[PDB]
Protein chains: 2
Amino acid sequence: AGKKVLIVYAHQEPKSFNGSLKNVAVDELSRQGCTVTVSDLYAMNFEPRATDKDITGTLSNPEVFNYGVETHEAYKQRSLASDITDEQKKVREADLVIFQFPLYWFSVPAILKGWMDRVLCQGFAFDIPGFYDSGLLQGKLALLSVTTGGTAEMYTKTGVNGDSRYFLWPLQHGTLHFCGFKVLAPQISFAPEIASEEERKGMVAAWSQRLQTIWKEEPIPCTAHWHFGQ
Amino acid sequence: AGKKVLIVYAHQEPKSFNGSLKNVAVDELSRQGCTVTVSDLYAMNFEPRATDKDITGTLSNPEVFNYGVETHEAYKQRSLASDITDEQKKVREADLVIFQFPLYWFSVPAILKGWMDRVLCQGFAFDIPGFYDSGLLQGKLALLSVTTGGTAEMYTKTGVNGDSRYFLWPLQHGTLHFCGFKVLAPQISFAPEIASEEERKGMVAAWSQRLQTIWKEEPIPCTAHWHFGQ
Ligand SMILES: Cc1cc2nc3c(=O)[nH]c(=O)nc-3n(C[C@H](O)[C@H](O)[C@H](O)COP(=O)(O)OP(=O)(O)OC[C@H]3O[C@@H](n4cnc5c(N)ncnc54)[C@H](O)[C@@H]3O)c2cc1C
Ligand SMILES: Cc1cc2nc3c(=O)[nH]c(=O)nc-3n(C[C@H](O)[C@H](O)[C@H](O)COP(=O)(O)OP(=O)(O)OC[C@H]3O[C@@H](n4cnc5c(N)ncnc54)[C@H](O)[C@@H]3O)c2cc1C
Ligand SMILES: CN(C)c1ccc2cc3ccc(N(C)C)cc3[nH+]c2c1
Ligand SMILES: CN(C)c1ccc2cc3ccc(N(C)C)cc3[nH+]c2c1
Ligand SMILES: [Zn+2]
Ligand SMILES: [Zn+2]
Ligand SMILES: [Zn+2]
């Protein structure tokens, strides 16, 4: 029961609520004896754009650039940019990948979207065929730890934003499940800006507490029914 | 007449199918006498990361960086970076905003997500609170023109990918509707890489043909029911 964790962290400010959730994750998983690695995207100035700079080798078709085709071939040839293969090594070795981020437009901040776009390339994360339950990262776990501006009540079916699970679909299903991850239940820390100091400390403590038993959890059924109901 | 269009375009390759869709849109809207502007994000090397470089001069709190607050104040104090305010001017002047992009992980490519994150800032596109039917860009139209790897069949409710409408929710509702756009029906060009020339030119012509009467269209009811309901 020796475990490796990658935290992909997307916040600009170390003193932020996200930074605290990231740090208690590092603290608690470290205390357990886990191997822990953090990719601090903003601190890394992580490149989010999918461009032809991501391939350094002879292009398969230099007249008409197809990012998917060229990165697939570059992965197989090992001519991807090294910032991509650095992240792939971290994912390959991880048993659990935690994404820590504030919700930006019902999704991840663009710098984290770029990580998904560039790191989870064909050949590495998935193949055609070889996706969803046949994805190449099968046997791994993923978990979204998300913070919001909106309260829990705003993110219910009858709330203004609709149920929180609705916006998880592209991330949990379209991305992580597609690559073969099993998905642990999301951690959603609602509206820390609006919360009291007590409620904030409580949300941080609840995450730390959950982490104590994270390795005993079962994943969600990452299906349309789970996300949207009947 | 007298209508103004902004096309926010996110593809690396001018010869691409996305490129062709953008070009027929320019051609047809120009033919109609519309005012047309294109933001070619990759050609612009558009910055996707939400950072403290987005505010010029002195920060509202140089000790603890809060992107939302700093950009809200910067917008009010006319102290945003020029790449952002250049885009805001285009959006302000536009009656219709078309987004042309390939589907990346059930969402927009990160460079376009960064446009959404950085351009549609608090004070300009929405305020806390000032939003959904009351967002700050009310009166404007928006339209997603999306290309996919997956075939139309794969994007059915019981299909592996689920209904294409499921992944539109964060884009049409959580972003565009929230900023006050009325949302025209999406243009989805399914699986051009797999399609024949016949089908590919048909899809380009469907788009060109649709643009002929775009100004007559009713917007969708951008509701949970439209996206998820039967
Ligand atoms: C472009 C953009 C798009 C957005 N889109 C959405 C959206 O679609 N939906 C939505 O709901 N929201 C949205 N938001 C709002 C955003 O999700 C929230 O502002 C964000 O989740 C807040 O998290 P944070 O870490 O930045 O909070 P912070 O501002 O850092 O934290 C709140 C307070 O917690 C304090 N704190 C930090 N650590 C601790 C600790 N250990 N104990 C106690 N207090 C602590 C901090 O000092 C701070 O005062 C958007 C914001 C932006 C900029
Ligand atoms: C990181 C990443 C994530 C992705 N995630 C998803 C996902 O979640 N879901 C999904 O379904 N797909 C996904 N895809 C696949 C992606 O959406 C498709 O590859 C893309 O939409 C194809 O569009 P294109 O413009 O790039 O096609 P192209 O390869 O440029 O075009 C297809 C063909 O059309 C030809 N063509 C160009 N102009 C014309 C014209 N005028 N008439 C006729 N033919 C023409 C081109 O020469 C080309 O041969 C992903 C891809 C990547 C790289
Ligand atoms: C300080 N607080 C409470 C904030 C600050 C910024 C915010 C930005 C948002 C952007 C989109 C959105 N939706 C699409 C729901 C909700 C947002 N809520 C916010 C709440
Ligand atoms: C999340 N989902 C459904 C995805 C994710 C990535 C994808 C990448 C692709 C690359 C080429 C291709 N073709 C050439 C057909 C089809 C692809 N379909 C994808 C579907
Ligand atoms: Zn799933
Ligand atoms: Zn304001
Ligand atoms: Zn809506």
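Rules behind the numbers
- Residues numbered from 1 in each chain as written, not as in the entry; some residues may be left out.
- Chains lettered and ligands numbered in written order.
- Heavy atoms only, no water.
- UniProt positions renumbered as here; feature names shortened; annotations may be inferred.
- Donors = N, O, S within 2.8 Å, 3.2 Å for Na, K, Ca; no water.
- Buried < 20%, exposed > 50% of the residue type's maximum accessible area, 1.4 Å probe, protein only.
- Near = heavy atom within 4 Å.
- Areas by Shrake-Rupley, 256 points an atom, 1.4 Å probe, with all protein chains shown as cover.
- Nonpolar A, V, L, I, M, F, W, Y, C, P; charged D, E, K, R; others polar.
- Helix = DSSP H or I, 4+ residues; strand = E, 2+ residues; numbered from the N terminus.
- Least-squares fit on C-alpha atoms.
- Contact = heavy atoms within 4.5 Å.
- Buried area = accessible area lost by both parts, 1.4 Å probe.
- Salt bridge = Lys/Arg side-chain N within 4 Å of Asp/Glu carboxyl O.
- Axes fitted to C-alpha atoms, helices over the stretch in contact; angles between N-to-C directions.
- Parallel < 35°, antiparallel > 145°, perpendicular 65-115°, else oblique.
- Left-handed = near helix turned anticlockwise from the far one by under 90°.
- Pairing = 2+ DSSP bridges.
- Right-handed = clockwise from strand over helix to strand, strands pointing away.

Taking the PDB entry as the reference, chain A is identified by name as Ribosyldihydronicotinamide dehydrogenase [quinone] belonging to Homo sapiens. The record in UniProt for chain A states the following under Function: "The enzyme apparently serves as a quinone reductase in connection with conjugation reactions of hydroquinones involved in detoxification pathways as well as in biosynthetic processes such as the vitamin K-dependent gamma-carboxylation of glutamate residues in prothrombin synthesis." Comment text from UniProt for chain A, heading Subcellular location, reads "Cytoplasm".

Bringing the coordination of the zinc ion (ligand 5) into the picture now. Tetrahedral coordination by four donors sets the ideal angle at the metal to 109.5 degrees; octahedral coordination by six donors sets it to 90 or 180 degrees. Residues and elements named next belong to chain A. Ligation of the zinc ion (ligand 5) by protein atoms is provided by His173 (ND1), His177 (ND1), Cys222 (O) and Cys222 (SG), these donors lying 2.0 to 2.3 Å from the ion. All donors of the zinc ion (ligand 5) come from a single chain, and their spacing in sequence reads H-x3-H-x44-C. For the pair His173 and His177, one class covers both residues: buried.

Attention shifts here to the site of ligand 4. Every residue lining ligand 4 is accounted for by A:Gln122, A:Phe126, A:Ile128, A:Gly174, A:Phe178, B:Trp105, B:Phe106, B:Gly149, B:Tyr155, B:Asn161, B:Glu193 and B:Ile194. In this structure ligand 4 sits where residues from chains A and B come together. Here ligand 4, which alone exposes 470 Å², has 75% of that area covered by the protein. Class assignment of the residues belonging to the shell around ligand 4 gives a composition of seven nonpolar, four polar and one charged.

Next up on the list: the coordination of the zinc ion (ligand 6). Donor atoms from the polypeptide that bind the zinc ion (ligand 6) are B:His72 (NE2), B:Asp127 (OD) and B:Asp127 (OD), placed at 2.1 to 2.4 Å. Taken together, the positions of B:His72 in helix α2 (residues 67–76) and B:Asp127 in the loop between α4 (110–119) and β4 (141–147) put the pair 55 residues apart, joining distant regions of the chain.

With that out of the way, let us pick up the relation of the copies chain A and chain B. Structural alignment of chain A on chain B gives an RMSD of 0.5 Å, achieved by rotating through 180 degrees and translating 0.2 Å along the axis. In the structure described here, the two chain copies are related by an operation that fits a two-fold rotation axis. Across chain A, the rotation axis passes nearest the C-alpha of A:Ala110, at a separation of 2.6 Å. A shared binding surface is used by both copies, with 98% of the interface residues of chain A retained as interface residues in chain B.

In this assembly, 46 residues from chain A lie in contact with 46 residues from chain B. Buried area between chain A and chain B, summed over both chains or domains, comes out near 3,900 Å², and the portion from carbon and sulfur atoms is 61%. If you sort the residues of chain A by the area they bury against chain B, A:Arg49, A:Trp105 and A:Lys113 come out on top, with a joint share of 22%. Between chain A and chain B we count one salt bridge in total.

Our next topic: the packing of helix α1 (residues 17–31) of chain A against helix α6 (residues 197–212) of chain A. All names here are of chain A. Where α1 contacts α6, the two axes come as close as 9 Å, and the packing angle between them is 30 degrees. It follows from the interaxial angle that α1 and α6 lie roughly parallel. Considering the relative orientation of α1 and α6, their crossing is right-handed. Two secondary-structure elements touch here, α1 through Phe17, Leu21, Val24, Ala25, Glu28 and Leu29 and α6 through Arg200, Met203, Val204, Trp207, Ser208, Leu211 and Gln212. Of the residues belonging to the contact of α1 with α6, the class tally is nine nonpolar, two polar and two charged.

Here the focus is the pairing of strand β4 (residues 141–147) of chain A. Residues and elements named next belong to chain A. In terms of burial, β4 is largely enclosed, as seven of its seven residues are buried. Here β4 shows no split at all, with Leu141, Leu143, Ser145 and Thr147 on one side and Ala142, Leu144 and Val146 on the other all buried. Here strand β3 (residues 96–102) pairs with β4 via seven bridges, running parallel. Within the sheet, the bridge partner assigned to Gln100 lies in β4 and is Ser145. After leaving β3, the chain enters helix α4 (residues 110–119) and then returns to the sheet as β4, a path that is right-handed. When β4 meets strand β5 (residues 182–183), the two strands line up parallel, connected through two bridges. Its bridge partner being in β5, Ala142 is matched across the sheet by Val183. Pairing of β4 with strand β6 (residues 187–189), which is carried by three bridges, proceeds in the parallel orientation. From the neighbouring strand, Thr147 faces β6, where its bridge partner is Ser189.

A few words now on the pairing of strand β1 (residues 4–9) of chain B. Residue and element names in this part refer to chain B. Counted residue by residue, β1 has five buried out of six residues, so it is predominantly covered. Where β1 lies against strand β2 (residues 35–40), six bridges are found, and the strand directions are parallel. Paired with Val5 across the strands is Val36, a residue of β2. As defined by bridge partners, β1 adjoins strand β3 (residues 96–102) across five bridges and the pair is classed as parallel. Looking at β3, one finds that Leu6 is bridged to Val97.

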